[PDB]
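Trainee: Read top to bottom, the protein sequences are chains B, A and D. Remember, the deposited numbering sits 241 above the position in the first sequence when you count from 1. Remember, the deposited numbering sits 9 above the position in the second sequence when you count from 1. Remember, the deposited numbering sits 722 above the position in the third sequence when you count from 1.
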Amino acid sequence: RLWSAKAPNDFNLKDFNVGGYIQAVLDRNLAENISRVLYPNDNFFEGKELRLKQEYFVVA
Amino acid sequence: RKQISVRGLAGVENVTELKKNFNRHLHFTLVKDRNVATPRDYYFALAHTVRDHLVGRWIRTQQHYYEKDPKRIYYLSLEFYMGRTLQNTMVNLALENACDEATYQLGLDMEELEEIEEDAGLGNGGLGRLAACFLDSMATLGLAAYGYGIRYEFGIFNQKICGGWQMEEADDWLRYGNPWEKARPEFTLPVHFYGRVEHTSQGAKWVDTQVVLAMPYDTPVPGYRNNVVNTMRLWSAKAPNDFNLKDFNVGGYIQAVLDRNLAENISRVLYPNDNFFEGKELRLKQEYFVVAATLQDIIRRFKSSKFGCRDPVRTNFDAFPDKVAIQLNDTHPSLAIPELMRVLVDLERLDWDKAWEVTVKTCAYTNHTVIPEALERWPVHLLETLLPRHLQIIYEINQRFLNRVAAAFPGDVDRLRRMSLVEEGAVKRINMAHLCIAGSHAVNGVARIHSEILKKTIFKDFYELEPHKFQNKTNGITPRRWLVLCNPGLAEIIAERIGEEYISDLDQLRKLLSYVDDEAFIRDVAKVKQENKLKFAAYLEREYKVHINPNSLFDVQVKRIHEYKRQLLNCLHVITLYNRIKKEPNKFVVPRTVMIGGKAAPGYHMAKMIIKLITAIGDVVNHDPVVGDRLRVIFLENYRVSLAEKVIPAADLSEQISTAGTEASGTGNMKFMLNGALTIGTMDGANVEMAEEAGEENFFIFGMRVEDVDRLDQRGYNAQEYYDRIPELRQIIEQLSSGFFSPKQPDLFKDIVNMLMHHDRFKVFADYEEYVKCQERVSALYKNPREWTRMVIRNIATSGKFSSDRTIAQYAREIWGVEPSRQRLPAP
Amino acid sequence: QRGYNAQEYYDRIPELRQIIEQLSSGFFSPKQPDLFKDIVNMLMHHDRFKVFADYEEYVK
Ligand SMILES: *Cc1c(COP(=O)(O)O)cnc(C)c1O
């Protein structure tokens, strides 16, 4: 059983944050890309906040 | 190789094999079991066990259209209001009773499972309902048609009422997969946005564009027991997914996130017309997208259904009008006309005047406005950035068209500034309506008084310069969805007298006229209307709640909540009946259940103040102890195709009250008629033809007619001058603004009292006496059940002019130039 | 309290008749005649601020 990330697609009115603003065009994207790219260890270029986001994703 | 064959699969139409084919899918397709399954599971499972039977014939039809290479008719539209597919697919293929018996011996309930399907989140109202009606007749008339449109991931919002106020939830009707579609990745296509026009010596080119991928999704559409099942190719945008380096551009900024969200939400949302908030780049972005991934799939088809062979002129488009017809439902495909011209002149290379007769012979436009401002108009600056080659084209079309125009009316110059494609002025714009007519051969309106008012005012100077174009095809309804599956009890007795024949050509229903006086027929029509009403009382408590009294006159108005459709008139007479019942209590009122339904439109403030006026009226009248069941006002929630399949069969009177001369036709109109209800209406839209088929004497017409709407305008309507005559109007207005209907916010409905009183763009108050007059005539005759039912019999035996099979045959024959057959065609 | 009907003055005053006239006819704009149709329909029909009512006593 494998997990793929999906962002809540509520973005044009949920929580009533929007209309006014989409910084959140990025929640759906650095989220959709927690599962796009593999990121293999003992290397990589800099202990990226994306990998800590993939591993606690797989776990939760 | 030849043993790879459809021939073999599926055995007998046996509950027997159907129970068995239902167990495979539950386990092998769903990978579910008995113990872990949901009703949603068993629906998906049944909906795959219909589907095997469904797709085998779609294989066979389309391959039968390869070999017999017919002309193809592409019904092109931004909105397919498709509704629900399990029962209509079971009844268009004969399965209902085998599936019914199957699931029943399998321990389950079908009417139950059927209810777990959710309306294909894919259209918004009129324009699209019609598409999905035209789509089913287009099948059933043997026609070679294709529906082409945008697959909307989340349709057009949901209506939830809270606080009395409308609230809009999102519909992610794609949330558990939609069984009916077969996602087609293999046939994706680039649509090119933005870019530059560089003129090579051999031609011009549209260089340096943004590309968006147009992936196809394919849904079958079966006809009524004839075996053609046609295609509905629907498109979803997908940005190119190379996002870290590709173009040797990034490692720097990612702005690039935005194509994968501004291409991505080209198919993520309906933007429904004659409104919206601002003629955004996104809607022009979407018109071109459904159009461009389609003229492309069109031509591609054209070159390959045995067509290197049906040449005989360098695969020429000489035989393209022969073998293709493109119908432009409203000015929403407006660009397939110049996208046709870019694709023939540049990419192939036909000369600019041989690529033209091909275009203008290959297209037709269906019009649906009557008040002109409403017509489409994109600012040219927009068109320049976004579709630059196309604005190159619409301009030379304009240069030629205005020169044909003077090749005909010399000296007139002032006509040229009216028949151009450009509206100079405030900010320069390209009036898509002219483009459509110019680029076409046939220009049909959708009702006789409508197709005439086009002809004579709106599109007048075109009428003059070319008569042959302008057609009509009044609007129509399909008897299979709107009689055989929504009202099988009314369906049943019409067949119990005159056999099923009618289903397939609705003029046989005129035979029903003769049983007007067979006393048994009459008790049967009302046995049925009592049956349908008492399922609705029931749904109206079980799944949402009130205390509907079965025996009341079911007053229903299901409209888009706009100001010109008048539910305010309708609210004023309920506040009026509420006052008589409260002034003198012991008097006989025929009790009514008034049910208004329809979605508002976000950002329409007035439309939202009305939905609240109605629910507020609802807490007073439905709670006040004097009034009993004598009245209830019910606001109907999240009105949509399956709800209407529920309400319309239980309606006794339906409120067609739009200001005379505002509507091209009305299709709900026809559903209520075929379904046993008196109509109460202004003379307008499609009322006129339904009055002339049924006879005025059976229709509850009233109010201002076009003539005297015009005339009130010349003297100038002053709502206070009617308010001044009529006491009860003052009684009810003064309750609105006294805060009678909103106890804790007094000045609340002030929004509506002022608008009514001084700024009424639509003459609510004018038609107030006459409206409550016809209504008393309605209440009066419902007191006489052999005669209400005797009227209903006249009104419904008269439905034939209103099946979409008629409308479509006149399309098929007079425009799409093909004769619509109705031959069974074979299958395994 | 009386409902300002604008077309009313329209009909006494021959001048005013004659100047709403010229505007929408297309007098004051022959390349775009229709143009001040807006203003016409504002004045003859939806005028909140009562232009035609203060005309004559102003002209005068
Ligand atoms: C048929 C139908 C329409 C048509 O409404 P009109 O009264 O013709 O404008 C729209 N919505 C639903 C749900 C329908 O069933």
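Backbone N, C-alpha and C define an ideal beta-carbon position, used for all residues, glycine too.
For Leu279/B, count the other beta carbons within 10 Å of its own beta carbon; 16 or more makes it buried, fewer makes it exposed. Which is it?
Mentor: Exposed, by the Cβ-count rule.
Trainee: Among the residues of its own chain, which have a CB less than 6 angstroms from the CB of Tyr648/A, if the five just before and after it don't count?
Mentor: The residues are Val567, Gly606, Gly607.
Trainee: Among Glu475/A, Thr466/A, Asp470/A, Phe644/A, which residue has its Cα nearest to the Cα of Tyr553/A?
Mentor: Selected option, being the one with the closest Cα: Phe644/A.
Trainee: Excluding the 5 residues preceding and the 5 following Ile170/A in the sequence, name in chain order all residues of the same chain whose CB lies nearer than 8 angstroms to its CB.
Mentor: Contacts found: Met176, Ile620, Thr624, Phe644, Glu646.
Trainee: Would you kindly report the start and end of the unbroken beta strand (DSSP E) that includes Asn440/A?
Mentor: Taken as a continuous stretch (DSSP letters only), the beta strand (DSSP E) holding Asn440/A covers 438–440.
Trainee: The alpha helix (DSSP H) that contains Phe311/A, what's its start and end?
Mentor: Note, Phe311/A: alpha helix (DSSP H), 290–313.
Trainee: How long is the line joining the alpha carbons of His767/A and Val629/A, rounded to whole angstroms?
Mentor: Cα-Cα distance, rounded: 27 angstroms.
Trainee: Scan the segment 725–753 of chain D for residues whose Cβ lies nearer than 9 angstroms to a Cβ of chain A and list them as they occur along the chain.
Mentor: Per Cβ criterion, the list reads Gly725, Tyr726, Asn727, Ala728, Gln729, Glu730, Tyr732, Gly748, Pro752, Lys753.
Trainee: Could you give the C-beta distance for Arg386/A and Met441/A, rounded to a whole number, given that I count them as a contact under 8 angstroms?
Mentor: Right, the Cβ-Cβ distance comes to about 6 angstroms (below 8 angstroms), so this counts as a contact.
Trainee: Output the distance between the C-alpha atoms of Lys753/D and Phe166/A, rounded to the nearest integer angstrom.
Mentor: Their Cα atoms are separated by approximately 44 angstroms.
Trainee: Would you call the segment 137–148 of chain A in contact with the segment 224–239 of chain A, where contact means no fewer than 3 C-beta pairs closer than 8 angstroms?
Mentor: Result yes; three or more Cβ-Cβ pairs closer than 8 angstroms.
Trainee: Check for me: the beta strand (DSSP E) holding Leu144/A runs from which residue to which?
Mentor: Segment 135–149 is the alpha helix (DSSP H) holding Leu144/A; no beta strand (DSSP E) there.
Trainee: Does ligand 1 have even one heavy atom less than 7 angstroms from the beta-carbon of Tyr548/A?
Mentor: Because no heavy atom of ligand 1 lies under 7 angstroms away, the Cβ of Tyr548/A does not count as near it: no.
Trainee: For ligand 1, I want to know if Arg242/B counts as a neighbour, meaning its beta carbon is within less than 7 angstroms of at least one of the ligand's heavy atoms.
Mentor: Result no, Cβ not under 7 angstroms from ligand 1.
Trainee: Under a CB-based cut-off of 8 angstroms, is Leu757/D close to chain A?
Mentor: Chain A contact via Cβ: present.
Trainee: Can you list the residues of chain D that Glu433/A reaches, using a CB-CB cut of under 8 angstroms?
Mentor: Ordered by position in chain D, the residues that pass the 8 angstroms Cβ test against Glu433/A are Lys753, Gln754.
Trainee: Does the segment 446–457 of chain A come into contact with the segment 356–369 of chain A, if we say contact requires no fewer than three beta-carbon pairs (one atom in each stretch) closer than 8 angstroms?
Mentor: The answer is yes - the segment 356–369 of chain A touches the segment 446–457 of chain A, with three or more Cβ pairs under 8 angstroms.
Trainee: With hydrogens ignored, establish whether the beta-carbon of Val565/A is closer than 7 angstroms to any heavy atom of ligand 3.
Mentor: Only ligand 1 can be found as ligands here, which leaves ligand 3 out of the picture.
Trainee: With distances taken between CB atoms, is the gap from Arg424/A to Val414/A smaller than 8 angstroms?
Mentor: Contact: yes.
Trainee: Mind checking if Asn270/B is an interface residue toward chain A, Cβ cutoff 8 angstroms exclusive?
Mentor: Yes, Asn270/B counts as interfacial toward chain A.
Trainee: Do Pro199/A and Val220/A have their C-beta atoms closer together than 8 angstroms?
Mentor: Yes, these two residues count as a Cβ contact at 8 angstroms.
Trainee: For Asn250/B, would you say it is in contact with chain A, using Cβ-to-Cβ distances shorter than 8 angstroms as the test?
Mentor: Judged by the 8 angstroms Cβ criterion, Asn250/B is in contact with chain A.
Trainee: Name, please, each residue of chain B whose Cβ falls closer than 7 angstroms to the Cβ of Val266/A.
Mentor: Within 7 angstroms Cβ-Cβ: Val266, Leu267, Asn270.
Trainee: Nearest-angstrom Cα distance between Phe286/A and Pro611/A?
Mentor: If you take the alpha carbons of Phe286/A and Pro611/A, they lie about 9 angstroms apart.
Trainee: Is the beta carbon of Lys77/A sitting closer than 8 angstroms to the one on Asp331/A?
Mentor: No, Cβ-Cβ distance for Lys77/A and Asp331/A is not below 8 angstroms.
Trainee: By the three-class DSSP mapping on this structure, what secondary structure does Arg575/A have?
Mentor: Reduced to three states, the DSSP call for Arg575/A is coil.
Trainee: Is the Cβ-Cβ distance between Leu745/D and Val762/D less than 8 angstroms?
Mentor: Cβ distance < 8 angstroms, so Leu745/D and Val762/D count as in contact.
Trainee: Can you determine whether any heavy atom of ligand 1 sits closer than 7 angstroms to the C-beta of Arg649/A, and answer yes or no?
Mentor: Yes.
Trainee: Counting along the chain, where does the alpha helix (DSSP H) carrying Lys255/B start and finish?
Mentor: Careful: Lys255/B lies outside any alpha helix (DSSP H) and carries neither H nor E.
Trainee: So is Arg426/A in contact with chain D if we call contact Cβ pairs under 8 angstroms?
Mentor: Chain D, which has a Cβ nearer than 8 angstroms to the Cβ of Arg426/A, makes this yes.
Trainee: Distance, Cα to Cα, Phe31/A vs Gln96/A?
Mentor: The straight-line gap from Cα to Cα measures roughly 16 angstroms.
Trainee: How about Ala673/A: is its Cβ closer than 7 angstroms to a heavy atom in ligand 1?
Mentor: No, Cβ of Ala673/A sits at least 7 angstroms from all heavy atoms of ligand 1.
Trainee: Go ahead and label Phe758/D buried or exposed: buried means 16 or more other beta carbons lie within 10 angstroms of its beta carbon, across all protein chains shown.
Mentor: Flag for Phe758/D reads buried.
Trainee: Within the 8 angstroms Cβ cut-off, does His614/A reach chain D?
Mentor: No, its Cβ sits nowhere closer than 8 angstroms to a Cβ of chain D.
Trainee: Under a CB-based cut-off of 8 angstroms, is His767/A close to chain D?
Mentor: By this cut-off, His767/A is an interface position.
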